[PDB]
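One chain comes next, on its own, written as structure tokens: the form deposited in one PDB entry.
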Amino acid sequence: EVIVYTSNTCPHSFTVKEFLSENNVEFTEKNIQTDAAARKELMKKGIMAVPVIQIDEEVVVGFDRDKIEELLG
């Protein structure tokens, strides 16, 4: 149920990708430098930041590890 909006330009997208993988967390990666639909929806709700973590309804802006570990439990 985890959706991660990433981009190859900056490292916090990889920082959060490693964290999720190292805790056996499944997620759908939507890279906005090749995905136009993900880039479009991210622009729809006006989020000017990367990476975006959508945990089932809630959004985490940036690799806030303390918030991610809470939302996932």
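Throughout, rigid core stands for the largest set of C-alpha atoms superposing within 1.5 Å between the two forms. Numbering starts at 1 and runs along the sequence shown. Shifts are known only where both forms have a C-alpha.
Below, we refer to the form deposited in another entry, which is not included among the displayed structures.
S.K.: Do you see a C-alpha shift of 2 Å or more at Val59 between this form and the one not shown, with the core held fixed?
M.R.: Yes, because once the rigid core is superposed, the C-alpha of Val59 moves 2 Å or more between this form and the one not shown.
S.K.: If I superpose the two forms on their rigid core, does the C-alpha of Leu20 end up displaced by 2 Å or more between this form and the one not shown?
M.R.: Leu20: C-alpha displaced by less than 2 Å between this form and the one not shown.
S.K.: Core-aligned, does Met48 move its Cα 2 Å or more between this form and the one not shown?
M.R.: Superposed on the core, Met48 moves its C-alpha 2 Å or more between this form and the one not shown.
S.K.: Which parts of the chain move between this form and the one not shown, counting only runs of three or more residues whose C-alpha shifts are all 2 Å or more after core fitting?
M.R.: Residues 48-71 form the single run that moves by 2 Å or more between this form and the one not shown.
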